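In: task: produce atomic coordinates for the following.
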Amino acid sequence: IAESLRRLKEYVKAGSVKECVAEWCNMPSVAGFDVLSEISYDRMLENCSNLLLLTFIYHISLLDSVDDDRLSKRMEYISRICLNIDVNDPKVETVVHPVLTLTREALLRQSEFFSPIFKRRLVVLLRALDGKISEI
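Out: Numbering: from 1, shown residues only. Here you go:
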């Protein structure tokens with residue numbers, strides 16, 4: 001964890017966005033997520049491949065923290081990426097359906113422990129994920 005945090009911190013400073021996301025996905029710690037969270041989702045969309053973006057939301061869905069502020073960031077990243085992602089990109093055709101399915105299931109598995117604010121926010125997020133699965 002500690003070696004990885006050091007790399008993440010330096011990638012954020014340099015503005016190495018893809019590198020930040022890829023580093024965190026390889027070592028998806030809570031502390032690392034908090035460093036990465038300095039990078040807004042729009043920068044991620046400009047710099048990361050669709051495969052990497054799907055790797056990222058999958059890892060966010062598994063992260064074992066339900067703290068309100070952290071969960072807010074978790075859900076915002078997932079929402080924005082899933083609304084932006086082109087589910088018809090051939091490069092992700094063999095992963096996009098199972099990844100969206102696993103992402104939804106992962107969030108539901110944690111949902112009993114979400115505060116009421118985020119139980120309600122999840123209903124909205126699930127609708128967005130289901131809409132993307134509906135396209136394909």
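
In: in this protein, which helix has the most residues?
Out: helix 116-135 (DSSP state H).

In: give me the element the residue minimising distance to the centre of the chain is part of.
Out: The centroid of the chain falls nearest to residue 57 when counting by C-alpha atoms, centre = their mean (2.6 Å). In the assignment (DSSP states H and E), residue 57 maps to helix 50-62.

In: which positions in that helix come out as buried?
Out: By 16 or more other C-beta atoms under 10 Å, the buried positions in helix 50-62 come out as 50, 53, 54, 55, 56, 57, 58, 59, 60, 61. The C-beta positions use only the backbone N, C-alpha and C, and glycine is treated the same way.

In: I'd like the next helix or strand past it.
Out: helix 68-84.

In: now do the contacts for the nearest residue to residue 106 once chain neighbours are set aside.
Out: Among residues not flanking residue 106 along the chain, residue 61 sits closest, at 3.7 Å (C-beta to C-beta, 6 or more residues apart in numbering). Taking C-beta atoms under 8 Å, 6 or more residues apart in numbering, we find residue 61 in contact with 74, 78, 102, 103, 104, 106, 107.

In: between the residues you listed, which has the most around it?
Out: residue 103 (25 neighbours; other C-beta atoms under 10 Å).

In: now do residue 130: how many residues are near it, please.
Out: Neighbour tally, residue 130, other C-beta under 10 Å: 12.
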